Amino acid sequence: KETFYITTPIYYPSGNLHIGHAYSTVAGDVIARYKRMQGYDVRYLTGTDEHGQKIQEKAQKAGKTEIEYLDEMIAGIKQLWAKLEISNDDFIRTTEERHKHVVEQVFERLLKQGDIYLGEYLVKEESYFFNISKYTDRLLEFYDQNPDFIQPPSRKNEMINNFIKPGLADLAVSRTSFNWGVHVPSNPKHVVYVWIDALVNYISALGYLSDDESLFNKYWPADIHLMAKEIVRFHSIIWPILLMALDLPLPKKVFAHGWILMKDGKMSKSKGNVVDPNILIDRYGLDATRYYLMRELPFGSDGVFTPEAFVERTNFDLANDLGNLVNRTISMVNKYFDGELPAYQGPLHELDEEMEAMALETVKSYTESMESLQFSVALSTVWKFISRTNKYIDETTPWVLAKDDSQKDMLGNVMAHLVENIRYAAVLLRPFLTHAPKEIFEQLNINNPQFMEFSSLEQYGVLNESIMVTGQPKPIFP
Ligand SMILES: CNC(=O)c1ccc2c(c1)nc(-c1ccc(Br)c(O)c1)n2[C@@H](CNC(=O)OCc1ccccc1)c1ccc(OC)c(OC)c1
Ligand SMILES: Nc1ncnc2c1ncn2[C@@H]1O[C@H](COP(=O)(O)OP(=O)(O)OP(=O)(O)O)[C@@H](O)[C@H]1O
């Protein structure tokens, strides 16, 4: 199996996480689940940045030690990801010795190589300085040879113009004004600053410089680092320069999605425009929360949350469009055939030829959207197919057909096409929604996991034997 390595940024637990953080982790999970469905050996990482004066200050104010405070915050963050059914293979913490060892070794290496020198940085304090300008041509050469490195492509030309063209100043990579962080082994009054400390989580979590580097040699380089747009230059400039200084392979892609806005702009702990994901999940369910996030933030753009948009998106798309379609279909199979779904024979009805083609066009277009990080376009395309399936009930009028015994075969064809249309949608929604597809597969009585995979969508009409649907249907949402 080809490997695929995906990461979110490590988040700062100076306060509780809100749906902005949730977006990145769900988006990372959508990509991870999608890539596992394509047959990749996937590793998916997330974590926490646990150092700096600010974390020590929060712990003191809470009347706790730094790790005591951090363990409670991280417990809540882990609980949240377990609630969101995030499929992360590991959780990296910068307080862990596996991480601290790498920060220590990397800082001492750069010191030995002459990359780092002692100096002074009113903000007036001593710091080690990283000579990054000597990697400039190498970085710009790498951009030329990897034109899809920054996503969206717009932000690459901002990097070069705003930060590189003026010239990369020597980066201050340590401080002496705080003590909560990784102390430099050579010179312990210095503490490693955020730049080296936070960035190396992506490789420290894979056991880089440990006695077992198997995860590192299997998964590095990262296929995709995802983030919000404001930490892209860390990741586009400083990160590959550090990787050059360590003679390490650079990541393939950095994706910088937009922000989840509120009425007053960016969702943030400091604007007091926070929506707690726990609340949305507890009231409206997991799928509604996951769906809203991925559907409402387009590629290369920002999106806005309002309570009115949320319930609209939840009720119209999930509960009505997909939800009624499933109930309508299972009702009719139970009423006209006593729960026995007739086997698919072929495109018997006149609309079936184009609807079957539409199903395959839906899969192909979905694939293109997913491969180009256009998640909202992928979802909207699946909903056009769901809408058309509801419309196919209205066009065919199965209740009229059920009165003529001569049209029993045609009526069975219509039932089969609804269930197969539903099946196509359920397979395609598996990366996004973790409850509804499984609920749909169980209610239609698809136990075999061969019906739930992407390769089962290559040819329309996989059910040639008659099967029995559920006699006691239920709502799929919340
Ligand atoms: C209102 N909040 C505040 O006062 C605050 C806000 C953030 C604060 C903070 C205090 N203290 C720190 C801090 C200080 C020293 C050490 Br050692 C450390 O580990 C953290 N930060 C960090 C938070 N880390 C973070 O967001 O990691 C993202 C990331 C993930 C993966 C790879 C790379 C980067 C911070 C510091 C400087 C920044 O840029 C100038 C910055 O911009 C993103 C963030
Ligand atoms: N509004 C948001 N939209 C999208 N992603 C976000 C948002 N808020 C946080 N994130 C995710 O978390 C990462 C770090 O976010 P950031 O430091 O801006 O959040 P914060 O907790 O709101 O900070 P602060 O209140 O100090 O400004 C981003 O790179 C992104 O992965």
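Don't worry about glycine lacking a Cβ; one is built from the backbone with ideal geometry, like all the others, and counts go over all protein chains shown. What is reported rests on the model, the rules as stated and the sources as named; no laboratory read-out is quoted.
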For this session: Look through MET370, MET355 and report the one residue that is in contact with a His (Cβ under 7 Å, 6 or more places away or on another chain), among the hydrophobic types (A, V, I, L, M, F, W, C) and assigned by CATH to the domain that holds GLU458.
Result: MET355
Exercise. Under 21 Å from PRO277 (Cα atoms), among the aromatic types (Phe, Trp, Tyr), in contact with a strand residue (DSSP E or B) (Cβ under 8 Å, 6 or more places away or on another chain) and within 16 Å of ligand 1 (Cβ to nearest atom) - does that describe any residue in region 85-95?
Worked result: yes
Problem set entry | Residues located in region 233-246, provided they are more than 10 Å from ligand 1 (Cβ to nearest atom) and assigned to a helix (DSSP H, G or I) | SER236, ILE237, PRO240, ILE241, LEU242, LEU243, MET244, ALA245
For this session: Give the residues of region 173-208 that are outside any loop (DSSP other than H, G, I, E, B), closer than 20 Å to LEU248 by Cα and more than 7 Å from ligand 1 (Cβ to nearest atom), sorted by residue number.
Result: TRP195, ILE196, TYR202, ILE203, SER204
For this session: Would you be able to say whether some residue in region 48-58 is within 23 Å of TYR291 (Cβ to Cβ) and within 14 Å of ligand 2 (Cβ to nearest atom)?
Result: no
Exercise. In region 62-77, what count of residues is obtained for those that are under 21 Å from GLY181 (Cβ atoms), within 16 Å of ligand 2 (Cβ to nearest atom) and of a type outside the set (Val, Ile, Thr)?
Worked result: 2
Seminar exercise, completed: Of the residues in region 4-51, those that are within 16 Å of ligand 1 (Cβ to nearest atom) and part of a strand (DSSP E or B) number 12
For this session: State yes or no: is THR381 surrounded by 14 or more Cβ atoms within 10 Å (Cβ to Cβ), outside the structural domain of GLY28 (by CATH), part of a helix (DSSP H, G or I) and within 29 Å of the chain's Cα centre (by Cα)?
Result: yes
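Yes/no per residue for (1) within 16 Å of ligand 1 (Cβ to nearest atom); (2) touching a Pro at 6+ places or on another chain (Cβ under 8 Å); (3) assigned to a helix (DSSP H, G or I):
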| site | (1), (2), (3) |
| --- | --- |
| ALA256 | yes, yes, no |
| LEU261 | no, no, no |
| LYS269 | yes, no, no |
| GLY272 | yes, no, no |
| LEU280 | no, no, yes |
| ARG290 | no, no, yes |
| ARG295 | no, no, yes |
| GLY300 | no, yes, no |
Exercise. If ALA245 satisfies every condition in (1) surrounded by fewer than 21 Cβ atoms within 10 Å (Cβ to Cβ); (2) within 16 Å of ligand 2 (Cβ to nearest atom); (3) among the small types (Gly, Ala, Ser) but one, which is the exception?
Worked result: (2)
Exercise. Pick from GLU312, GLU296: which is among the acidic types (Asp, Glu) and over 20 Å from the mean Cα position of the chain (by Cα)?
Worked result: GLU312
Problem set entry | Neighbours by Cβ (under 6 Å, 6+ apart or cross-chain): first from region 342-359, over 18 Å from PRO398 (Cβ atoms); second part of a helix (DSSP H, G or I) | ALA359/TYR424
